[PDB]
Every structure is written in structure tokens, then in C-alpha cells.
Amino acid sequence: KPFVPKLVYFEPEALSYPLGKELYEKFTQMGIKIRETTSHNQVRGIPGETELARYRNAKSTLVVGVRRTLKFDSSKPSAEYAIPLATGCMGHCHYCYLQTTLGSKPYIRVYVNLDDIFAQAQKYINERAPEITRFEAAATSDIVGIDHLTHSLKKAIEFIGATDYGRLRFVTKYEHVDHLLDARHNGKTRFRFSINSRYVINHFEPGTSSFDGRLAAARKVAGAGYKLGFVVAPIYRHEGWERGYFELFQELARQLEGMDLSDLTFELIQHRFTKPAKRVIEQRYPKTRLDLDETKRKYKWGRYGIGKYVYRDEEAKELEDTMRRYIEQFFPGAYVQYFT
């Protein structure tokens, strides 16, 4: 069940680094089809005659390259910066906002020059010290779901664990966390899981681990000493959402009863979509129940790029207040970091 690619691309320069050498040896030993590419941002010859075929095949394709853009993007409100360990995901969440993010690729991409990346991370920490600097490792990927192949996240966790003023955080929809349990995190990593109503998970989250799988992993990471959190997103106003999300928090509390939840955190993100989302999503998921009706939404204009549609102010406030009530009921003391 853990992700294994059916096609792997390598940058020639990637083989000069330990991870690239290790991955090349791994996949050749497995007999998997391996190709060369000049740049990880320009991958040619992904099989498929239709757009849907090429998209689906890309989702089973791994690309191993070198990170050359060492300037870290901002990752607010989650963290100060996004640490770039990987990009892309094997999941097929119908609503995934990465689909329409500028310059996003459907294939999974891992970076091998971890010395350069952690060194730059340390520079950002030093620049802000003694203030705390948080890094988001899953801003443009499901870093946890991919990590059993590389252990790049494990190395990042222990790198941050050794720092005085550095903190790490990431969120996942995958249960494959066994290799991370003995990591020397030193209490400086927030391990989060994306959760949602039964409606949203069943209809819009194929190719990910089940709710029970995510919670089993949540119990594992909490027992291993990680700081635990949840991300309720996308908060989606489906038919019967009020009761749907009520039963989510009720079941979440039931599956976490007995554990210490004094330092538990919640993050809330309402469903959002961009102008090109409808054409992209309808092409990739023709039978989706996802409502992308812009006429009943509020548009927030972009700054340097394009904007996004979110629920109207009164609908958004209704979602926020209701979610805060459920968290207050089932998890008293737990901290809601934000609603957006």
C-alpha cells in the first residue's frame, strides 16, 4: 500500500549526491523503468495519449533532481518558511489546490542536495534568532507519504531537533509513518494529519489512507513523543455538513481517548478554488460531486498572482463558529491556531 513509482526520472547531477546514488541503486535493483531528464521542471515522454492519461501516469512518476532555488517561499499562516524537500503527490484529492498553483507539476519530485537545503534552513534560523522560526515541509507535497522511499523528512526532523531556535511541521493524509517513530525529533516537530467529514473523505479523497489509517498513525506518532495536531480542511458545506463535522470530532475524540491532549492543536481551512479550477477538475475527475459554483462565492483578489473563491463572510463565520464549538466540546484545552 505504500507509494512506489512505476516510472523514475533522474537529473544527471542528482547521481552526484548520496540520495540520488541510493535511489538509482534502489530502483535499478527493483527493475523499475528509469529515464534521464535535464531539468526536474521539464520532464518529457510521460506515457498517455489523452490529457487524463498523462495526468494519471504522472501521478505514478517519481523525479529525482537537485534543488537550485534555495530561496525559501513564505508559508503563512502555517510557518515562516516552506522547507523544500519534495513537490507533488500520489494522491487524487478532487479539490487539491496544488493542481492550479503556479508552476505545479503532476509528478512527484524529490530533492537530493539535503546539505544545501538544511544549510539554507540554518541561515534563516540564524537571521531571526533568538525568535523561533517554523518550517512547513508539506506545503506543495505529501512529504510523509513519499518519505519511506528517501527518509529525507526523517533527516530534516533530526536536523531541526538539533537546532535551538528551529521548529518543523507537516501534515499528511497517509499512514506510512513507521520509519519516523524512532527519529530524534527532540520535541521540535509538529506531526499533523488532515481530517474531514465522512462525506468529503469518501467522495473527494481517493488514493489516500482511510480515516482509521490516519488516526492509527496519529496514535503512533503521539506515543513516539511527537507534538500532535490536526488540520480540518477543506471545510466543505455539503448537504448535512453540520452533523457530518459534529460526528467527525465525536469520532476523533473517541479514537484519541486516554491520550494526553493538553498540547493538541487544530487548524481550520475552508474550501477554496481558483478561476481555472473548474476546467482542470472536470477534465481530471469527470464524475466528481465537487461544487465549484463561483456565483454563490466571494472572490478574494490576488496580490502578485490570481485570487481565489471562498465562502461568503456569513457562511465562513458560520463554519468557523460551528467548528470552534465542536472543538470546545470534545477537546477542551486544545488550541485552534487559525481559521482561514
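Don't overthink the numbering: it's just position in the shown sequence, from 1.
Of the two segments, 122 to 130 and 88 to 96, the one listed with the higher mean B-factor is 122 to 130 (C-alpha atoms only). Mean C-alpha B-factor is higher over 249 to 257 than over the other stretch, the pair under comparison being 249 to 257 and 135 to 143. Among the modelled residues of its chain, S75 has a C-alpha B-factor that falls in the highest third, as given in the PDB entry.
When all modelled residues of the chain are sorted by CA temperature factor, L215 is found within the middle third.
Sort the modelled residues of the chain by CA B factor and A53 lands in the highest third. Split the chain's modelled residues into thirds by C-alpha temperature factor. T61 is in the lowest one. Annotation for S262: C-alpha temperature factor in the highest third relative to the rest of the modelled chain, per the entry.
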